[PDB]
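Working notes, structure below.
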Amino acid sequence: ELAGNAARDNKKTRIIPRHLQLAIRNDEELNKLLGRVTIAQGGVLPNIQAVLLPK
Amino acid sequence: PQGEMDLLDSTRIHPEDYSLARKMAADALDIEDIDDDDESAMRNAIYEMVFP
Amino acid sequence: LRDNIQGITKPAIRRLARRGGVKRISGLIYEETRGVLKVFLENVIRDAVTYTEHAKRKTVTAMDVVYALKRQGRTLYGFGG
Amino acid sequence: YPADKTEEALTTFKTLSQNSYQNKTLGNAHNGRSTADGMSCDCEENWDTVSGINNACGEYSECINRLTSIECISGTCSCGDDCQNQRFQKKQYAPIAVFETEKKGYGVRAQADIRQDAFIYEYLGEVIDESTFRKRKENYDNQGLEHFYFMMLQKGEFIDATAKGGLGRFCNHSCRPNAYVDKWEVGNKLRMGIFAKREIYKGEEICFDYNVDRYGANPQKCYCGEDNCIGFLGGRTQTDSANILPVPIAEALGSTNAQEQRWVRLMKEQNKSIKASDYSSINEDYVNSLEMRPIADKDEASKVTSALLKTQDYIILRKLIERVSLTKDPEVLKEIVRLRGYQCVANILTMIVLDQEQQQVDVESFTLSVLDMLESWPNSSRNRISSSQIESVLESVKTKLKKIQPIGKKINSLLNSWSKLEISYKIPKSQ
Amino acid sequence: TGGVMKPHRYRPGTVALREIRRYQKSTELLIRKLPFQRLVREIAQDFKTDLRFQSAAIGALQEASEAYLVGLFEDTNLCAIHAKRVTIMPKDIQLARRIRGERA
Amino acid sequence: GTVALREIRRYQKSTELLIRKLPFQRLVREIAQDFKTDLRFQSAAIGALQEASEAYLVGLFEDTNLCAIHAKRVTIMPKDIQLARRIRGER
Ligand SMILES: Nc1ncnc2c1ncn2[C@@H]1O[C@H](CSCC[C@H](N)C(=O)O)[C@@H](O)[C@H]1O
Ligand SMILES: [Zn+2]
Ligand SMILES: [Zn+2]
Ligand SMILES: [Zn+2]
């Protein structure tokens, strides 16, 4: 369900490992359960630190 | 100021008195580094006097 | 094959650091990343090799690799686990 | 102030509202690689209900696309339509006017006070390829045009502002500019904008650094009036070995492109260190190793006078004074008198024998090497000296170095010789 | 007067932040396949030779190594940010490994 | 500063528990009450909980001291606590 929703925000009809990684890492309890697993071809969530940005 | 055209060509002053007019203009502006033989400084002085 | 640790080139490790959100890279860090990558690969390769040797085989398969990784708490999904 | 010339400047060319393309392939972002996953900022649309303005992606907002020099596109970004990061597309230029002053042509002035980092005006023109650029450049050189109108959008792609463009073509070069050009991405295209480097007030001229590649063209003298002016329009040298000292200063020492080549070719190529191109630090070894020949040209004398007025180095002044010692042409000396060489020599003395950055013996050698041509030059009136009053400096330095008696006796002879000369008239003024 | 004005260069960090977004949006492998395969063979050679390596095993090893390196660099970026710096140093790598327990 | 090193040497050479027994016992009972009521507790379970919590807190303080050392400081701060917890994987 979460993977299909995340695909729907990406305007795609094909579920890929990227959408699965997005669905797992964006949900707190699912991230807690699947903490120590690496999703093949899943990539990384976009995260840029606040003080890393210029002023 | 060093160009081909001349300020005094638009006046009634004869060309034989151009250095006289430039010495008047240079001495009026309280310049002291001026020398009579330096035509360039005379032209600069008269240009800054008439068109500051 | 002789000293191909330099095959992990500087733009590649720069890309790997860049995915982690790192903005600036020190000039001395590359040897350290090569060393830690060598250590990790050494451990996983060792475990996969003894898994294969127990199986009386001469070719390391993906199942041994996924088994070794999962035994180190680094479970991998997508390769027949 | 100067009269407005905005409409007159506009009539000189075909005004454009947007950049024109020679073909649809040129000017595309990412070398034409269409990023179908366009970078969408995560900003939420902030609509002020009173003014009906979408305040999202503002100047002090944290829009990632704005920081990365990418403009939001309506209908694709979460910021919504009419966000505050559509400056190029909405064409919200700063209010500017056109005027004329000094030796410059038309120039752009700020009609209002403009904040720091604010977008001023989008540089407009025709996007052209390299061959079309070469053809147009050859045509303009045949036409004798004395104005640059080309900017490099990117590698192999140029923008011409000669016949068609915008008001930005009238901006003049400044060696200490208040604005700068930057490259931005709008959609799948590349734009060149002009942003304010500092706070600019109304009426002030808007200028940017040209950083111009000559492509082998001759230098053009810079009349910007900035104190940090290098005197000519250019940029980085086309190769190393090209300059070690500034031209006027290098040609003052008798050095040329060949002599500046030879030193670097003899040492840098043979494992000895020569720093990059920077005239803030003088390399004394090059100046000592330079060859010296007498001056017989008045333009070279003017360059020598400029070098005296500019260079602070002890060694460059030593070698220039030595070259003057070799020089014995009376007409060049009369030109130096007209240039008031005595005025420059007073400061050259003062910096070395009144301020003490060197050793007393070496300063004594310098003073003996600089009194000789002062003794030798033709002089016919104290009015030459009166433009410098260098006699006062001579008295101060003979009094300071009173223990070195040859310098004192030479200055005695020099002031005795100068005391006998005639004087010339200054018109009295009313009181 | 046919010269060209130059577009100058980007500020340090702008192209860095751009490529940060580009690599965090896309998912392709960042390590070259053949040098990594040779490195894996070099490490495996030290125990017992004549060991053939299936393509799927090499791909799994590459994916695991990339995931490990990305996690380590995230931790090292946190370490650098904690020390009021924006540049990561090897000391942050060693400290991250120390606190993670990988290094004794 | 001297008594800081004296306390470090004394506690690093000692082996007895540093958390007081009765407040920890009441804390354990108070925490366990809201999961299930009328709960009884063996003494050895409370001692095991105390020993495990003390070992965990000692390890956390050691890693926090390392984090404080990294930032050219000698005083530990809460930001060191959440840095150590974040890197170690707790949330
Ligand atoms: N500081 C400066 N000193 C001298 N010439 C300058 C200058 N800045 C710009 N220019 C001249 O202006 C050209 C750029 S086009 C600027 C507008 C043009 N002068 C006009 O009024 O139509 C340069 O190539 C140069 O010839
Ligand atoms: Zn935005
Ligand atoms: Zn926007
Ligand atoms: Zn200038």
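By convention here, the chains of the structure tokens are called A, B, ... in the order presented, each chain's residues are numbered starting at 1, and ligands are numbered starting at 1 in the order presented.
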Considering only C-alpha atoms and all ligand atoms, give me a table of residues in chain D that are at most 6 Å from ligand 2, with the closest atom pair and distance in Å for each, as a Markdown table.
| residue | atom | partner | partner_atom_place_in_ligand_line | distance |
| --- | --- | --- | --- | --- |
| D:41 | CA | ligand 2 | 1 (Zn) | 4.5 |
| D:43 | CA | ligand 2 | 1 (Zn) | 4.5 |
| D:57 | CA | ligand 2 | 1 (Zn) | 4.1 |
| D:63 | CA | ligand 2 | 1 (Zn) | 4.1 |
| D:79 | CA | ligand 2 | 1 (Zn) | 5.3 |
Using the selection just defined, write its residues with N, CA, C and O atoms as a PDB file, in the first residue's frame.
ATOM      1  N   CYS D  41      11.344  21.810  -6.080  1.00  0.00           N
ATOM      2  CA  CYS D  41      11.521  22.234  -4.697  1.00  0.00           C
ATOM      3  C   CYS D  41      10.335  21.795  -3.846  1.00  0.00           C
ATOM      4  O   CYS D  41       9.189  21.781  -4.307  1.00  0.00           O
ATOM      5  N   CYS D  43       9.023  23.353  -1.394  1.00  0.00           N
ATOM      6  CA  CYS D  43       8.402  24.491  -0.729  1.00  0.00           C
ATOM      7  C   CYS D  43       6.883  24.433  -0.831  1.00  0.00           C
ATOM      8  O   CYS D  43       6.325  24.123  -1.887  1.00  0.00           O
ATOM      9  N   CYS D  57       9.276  30.498  -2.052  1.00  0.00           N
ATOM     10  CA  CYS D  57      10.584  30.530  -2.724  1.00  0.00           C
ATOM     11  C   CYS D  57      11.134  31.957  -2.790  1.00  0.00           C
ATOM     12  O   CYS D  57      11.638  32.407  -3.819  1.00  0.00           O
ATOM     13  N   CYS D  63      14.412  27.791  -0.171  1.00  0.00           N
ATOM     14  CA  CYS D  63      14.200  27.079  -1.425  1.00  0.00           C
ATOM     15  C   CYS D  63      15.529  26.537  -1.936  1.00  0.00           C
ATOM     16  O   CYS D  63      16.466  27.301  -2.187  1.00  0.00           O
ATOM     17  N   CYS D  79       5.857  24.482  -5.081  1.00  0.00           N
ATOM     18  CA  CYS D  79       5.722  25.882  -4.684  1.00  0.00           C
ATOM     19  C   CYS D  79       4.522  26.576  -5.321  1.00  0.00           C
ATOM     20  O   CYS D  79       4.203  27.701  -4.923  1.00  0.00           O
TER      21      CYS D  79
END
Surroundings of ligand 4 up to 9 Å, based on only C-alpha atoms and all ligand atoms, as a PyMOL selection string: chain D and resi 173-176+221-233
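Here atom CA of residue 44 of chain D and atom CA of residue 52 of chain A stand 21.1 Å from one another.
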Polymer residues at most 12 Å from residue 82 of chain F, only C-alpha atoms, same-chain spacing of 6 or more positions, as a PyMOL selection string: (chain E and resi 78-79+82) or (chain F and resi 60-61+63-64+67-68+76+88-91)
Restricting the output to C-alpha atoms, write the selected residues as a JSON list (two decimals), in the first residue's frame.
[["chain", "number", "residue", "atom", "x", "y", "z"],
["E", 78, "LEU", "CA", 27.28, 13.94, 11.29],
["E", 79, "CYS", "CA", 30.68, 13.81, 13.03],
["E", 82, "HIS", "CA", 29.24, 18.13, 15.31],
["F", 60, "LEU", "CA", 27.21, 5.60, 26.60],
["F", 61, "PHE", "CA", 29.23, 7.97, 28.79],
["F", 63, "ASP", "CA", 31.26, 7.24, 23.76],
["F", 64, "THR", "CA", 29.95, 10.66, 24.81],
["F", 67, "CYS", "CA", 32.36, 12.86, 21.13],
["F", 68, "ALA", "CA", 33.22, 15.71, 23.52],
["F", 76, "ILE", "CA", 30.19, 16.72, 27.89],
["F", 88, "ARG", "CA", 24.86, 3.91, 17.70],
["F", 89, "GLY", "CA", 21.38, 3.56, 16.17],
["F", 90, "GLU", "CA", 18.98, 4.33, 19.02],
["F", 91, "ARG", "CA", 16.12, 6.71, 18.26]]
Nearby residues, ligand 3, 10 Å, only C-alpha atoms and all ligand atoms, as an NGL selection string: :D and (40-45 or 54-58 or 63-66 or 70-74 or 76-86)
Can you write just those residues out, N, CA, C and O atoms, as a CSV table (one decimal), in the first residue's frame?
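As a result, again.csv now contains:
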chain,number,residue,atom,x,y,z
D,40,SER,N,12.2,19.5,-8.5
D,40,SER,CA,11.1,20.2,-7.9
D,40,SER,C,11.4,20.5,-6.4
D,40,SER,O,11.6,19.6,-5.6
D,41,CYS,N,11.3,21.8,-6.1
D,41,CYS,CA,11.5,22.2,-4.7
D,41,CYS,C,10.3,21.8,-3.8
D,41,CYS,O,9.2,21.8,-4.3
D,42,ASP,N,10.6,21.4,-2.6
D,42,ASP,CA,9.6,21.0,-1.7
D,42,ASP,C,8.9,22.1,-0.9
D,42,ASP,O,8.3,21.9,0.1
D,43,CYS,N,9.0,23.4,-1.4
D,43,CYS,CA,8.4,24.5,-0.7
D,43,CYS,C,6.9,24.4,-0.8
D,43,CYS,O,6.3,24.1,-1.9
D,44,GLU,N,6.2,24.7,0.3
D,44,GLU,CA,4.8,24.9,0.3
D,44,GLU,C,4.4,26.3,-0.1
D,44,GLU,O,5.1,27.3,0.3
D,45,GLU,N,3.4,26.4,-1.0
D,45,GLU,CA,3.0,27.7,-1.5
D,45,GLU,C,2.4,28.6,-0.3
D,45,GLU,O,1.6,28.2,0.5
D,54,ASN,N,2.0,34.9,-4.2
D,54,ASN,CA,2.5,33.7,-3.7
D,54,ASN,C,3.9,34.0,-3.2
D,54,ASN,O,4.9,34.1,-4.0
D,55,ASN,N,4.1,34.1,-1.9
D,55,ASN,CA,5.4,34.4,-1.3
D,55,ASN,C,6.4,33.3,-1.2
D,55,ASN,O,7.5,33.5,-0.7
D,56,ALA,N,6.0,32.1,-1.7
D,56,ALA,CA,6.9,30.9,-1.6
D,56,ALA,C,8.2,31.1,-2.5
D,56,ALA,O,8.2,31.9,-3.5
D,57,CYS,N,9.3,30.5,-2.1
D,57,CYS,CA,10.6,30.5,-2.7
D,57,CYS,C,11.1,32.0,-2.8
D,57,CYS,O,11.6,32.4,-3.8
D,58,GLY,N,11.1,32.7,-1.7
D,58,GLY,CA,11.6,34.0,-1.6
D,58,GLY,C,13.1,34.1,-1.4
D,58,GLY,O,13.8,33.1,-1.4
D,63,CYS,N,14.4,27.8,-0.2
D,63,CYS,CA,14.2,27.1,-1.4
D,63,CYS,C,15.5,26.5,-1.9
D,63,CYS,O,16.5,27.3,-2.2
D,64,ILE,N,15.6,25.2,-2.1
D,64,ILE,CA,16.8,24.5,-2.5
D,64,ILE,C,17.2,24.9,-3.9
D,64,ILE,O,18.3,25.1,-4.3
D,65,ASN,N,16.1,25.0,-4.8
D,65,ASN,CA,16.3,25.4,-6.2
D,65,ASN,C,16.9,26.8,-6.4
D,65,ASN,O,17.7,27.0,-7.3
D,66,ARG,N,16.5,27.7,-5.5
D,66,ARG,CA,17.0,29.1,-5.6
D,66,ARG,C,18.5,29.1,-5.3
D,66,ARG,O,19.3,29.8,-5.9
D,70,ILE,N,18.5,27.4,-9.9
D,70,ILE,CA,17.5,26.8,-10.7
D,70,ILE,C,16.2,27.5,-10.5
D,70,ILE,O,15.8,27.6,-9.3
D,71,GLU,N,15.5,27.8,-11.5
D,71,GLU,CA,14.2,28.5,-11.4
D,71,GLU,C,13.1,27.5,-11.3
D,71,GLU,O,13.1,26.5,-12.0
D,72,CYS,N,12.1,27.8,-10.4
D,72,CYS,CA,10.9,27.0,-10.3
D,72,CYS,C,10.1,27.1,-11.6
D,72,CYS,O,10.0,28.2,-12.1
D,73,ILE,N,9.4,26.0,-12.0
D,73,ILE,CA,8.5,26.0,-13.2
D,73,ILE,C,7.1,25.8,-12.7
D,73,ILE,O,6.9,24.8,-11.9
D,74,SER,N,6.2,26.7,-13.1
D,74,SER,CA,4.8,26.5,-12.7
D,74,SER,C,4.2,25.2,-13.3
D,74,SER,O,4.5,24.8,-14.4
D,76,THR,N,4.8,22.2,-12.2
D,76,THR,CA,5.7,21.1,-11.9
D,76,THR,C,6.3,21.1,-10.5
D,76,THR,O,6.6,20.0,-10.0
D,77,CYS,N,6.3,22.2,-9.9
D,77,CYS,CA,6.9,22.3,-8.5
D,77,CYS,C,5.8,22.5,-7.5
D,77,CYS,O,4.7,23.0,-7.8
D,78,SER,N,6.1,22.0,-6.3
D,78,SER,CA,5.2,22.1,-5.2
D,78,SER,C,5.0,23.6,-4.7
D,78,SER,O,4.0,23.8,-3.9
D,79,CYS,N,5.9,24.5,-5.1
D,79,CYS,CA,5.7,25.9,-4.7
D,79,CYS,C,4.5,26.6,-5.3
D,79,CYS,O,4.2,27.7,-4.9
D,80,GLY,N,3.9,26.0,-6.3
D,80,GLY,CA,2.7,26.6,-7.0
D,80,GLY,C,3.1,27.6,-8.0
D,80,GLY,O,4.3,27.9,-8.2
D,81,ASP,N,2.1,28.2,-8.6
D,81,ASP,CA,2.4,29.2,-9.6
D,81,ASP,C,2.7,30.6,-8.9
D,81,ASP,O,2.4,30.8,-7.8
D,82,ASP,N,3.4,31.4,-9.7
D,82,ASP,CA,3.8,32.8,-9.4
D,82,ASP,C,4.6,32.8,-8.1
D,82,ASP,O,4.4,33.7,-7.2
D,83,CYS,N,5.5,31.9,-7.9
D,83,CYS,CA,6.4,31.9,-6.7
D,83,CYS,C,7.5,33.0,-6.9
D,83,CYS,O,7.6,33.6,-8.0
D,84,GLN,N,8.2,33.2,-5.9
D,84,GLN,CA,9.3,34.3,-5.9
D,84,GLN,C,10.6,33.8,-6.4
D,84,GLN,O,11.6,34.4,-6.1
D,85,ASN,N,10.6,32.8,-7.3
D,85,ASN,CA,11.8,32.3,-7.9
D,85,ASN,C,11.6,32.1,-9.4
D,85,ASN,O,12.1,31.1,-10.0
D,86,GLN,N,10.8,33.0,-9.9
D,86,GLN,CA,10.6,33.0,-11.4
D,86,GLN,C,11.0,34.4,-11.9
D,86,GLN,O,10.3,35.0,-12.8
Backbone DSSP call of alpha helix (DSSP H) for segment 194-309 of chain D, listed as a PyMOL selection string: chain D and resi 247-252+257-267+284-289+298-309
Suppose we keep C-alpha atoms; can you now write the selection as a PDB file, in the first residue's frame?
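Final output, part-v7.pdb:
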ATOM      1  CA  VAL D 247      53.539  46.115 -19.166  1.00  0.00           C
ATOM      2  CA  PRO D 248      54.228  49.790 -18.669  1.00  0.00           C
ATOM      3  CA  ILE D 249      56.524  48.825 -15.818  1.00  0.00           C
ATOM      4  CA  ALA D 250      58.137  45.991 -17.808  1.00  0.00           C
ATOM      5  CA  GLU D 251      58.629  48.177 -20.895  1.00  0.00           C
ATOM      6  CA  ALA D 252      59.981  50.916 -18.615  1.00  0.00           C
ATOM      7  CA  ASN D 257      57.496  39.852 -24.288  1.00  0.00           C
ATOM      8  CA  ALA D 258      60.731  38.104 -25.303  1.00  0.00           C
ATOM      9  CA  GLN D 259      62.680  39.087 -22.177  1.00  0.00           C
ATOM     10  CA  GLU D 260      59.705  38.140 -19.984  1.00  0.00           C
ATOM     11  CA  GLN D 261      59.543  34.819 -21.851  1.00  0.00           C
ATOM     12  CA  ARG D 262      63.266  34.066 -21.544  1.00  0.00           C
ATOM     13  CA  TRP D 263      63.610  34.194 -17.739  1.00  0.00           C
ATOM     14  CA  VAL D 264      60.687  31.835 -17.098  1.00  0.00           C
ATOM     15  CA  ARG D 265      61.778  29.514 -19.925  1.00  0.00           C
ATOM     16  CA  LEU D 266      65.302  29.335 -18.493  1.00  0.00           C
ATOM     17  CA  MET D 267      64.300  28.573 -14.898  1.00  0.00           C
ATOM     18  CA  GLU D 284      63.882  40.960  -7.365  1.00  0.00           C
ATOM     19  CA  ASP D 285      65.982  38.297  -9.136  1.00  0.00           C
ATOM     20  CA  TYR D 286      64.238  38.913 -12.477  1.00  0.00           C
ATOM     21  CA  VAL D 287      64.781  42.672 -12.185  1.00  0.00           C
ATOM     22  CA  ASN D 288      68.467  42.222 -11.310  1.00  0.00           C
ATOM     23  CA  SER D 289      68.985  39.753 -14.173  1.00  0.00           C
ATOM     24  CA  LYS D 298      59.333  59.611 -25.410  1.00  0.00           C
ATOM     25  CA  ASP D 299      56.539  57.047 -24.985  1.00  0.00           C
ATOM     26  CA  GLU D 300      59.061  54.840 -23.185  1.00  0.00           C
ATOM     27  CA  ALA D 301      59.839  57.874 -21.003  1.00  0.00           C
ATOM     28  CA  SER D 302      56.122  58.216 -20.216  1.00  0.00           C
ATOM     29  CA  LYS D 303      56.035  54.514 -19.301  1.00  0.00           C
ATOM     30  CA  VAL D 304      59.086  55.094 -17.073  1.00  0.00           C
ATOM     31  CA  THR D 305      57.280  57.984 -15.349  1.00  0.00           C
ATOM     32  CA  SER D 306      54.197  55.782 -14.851  1.00  0.00           C
ATOM     33  CA  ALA D 307      56.415  53.045 -13.375  1.00  0.00           C
ATOM     34  CA  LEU D 308      57.961  55.589 -10.983  1.00  0.00           C
ATOM     35  CA  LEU D 309      54.477  56.752  -9.947  1.00  0.00           C
TER      36      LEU D 309
END
Contacts of ligand 1, 10 Å or closer, only C-alpha atoms and all ligand atoms, given as a ChimeraX atom specification: /D:9,12,98-100,102-108,145-150,161-162,167-175,207-210,212,220-226,229,231-233 /E:1-5
Within 9 Å of chain E: residues of chain F, using only C-alpha atoms, as a list in words: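 Selected residues: residues 63, 66, 67, 70, 71, 72, 79, 80, 83, 84, 86, 87, 88 and 89 of chain F.
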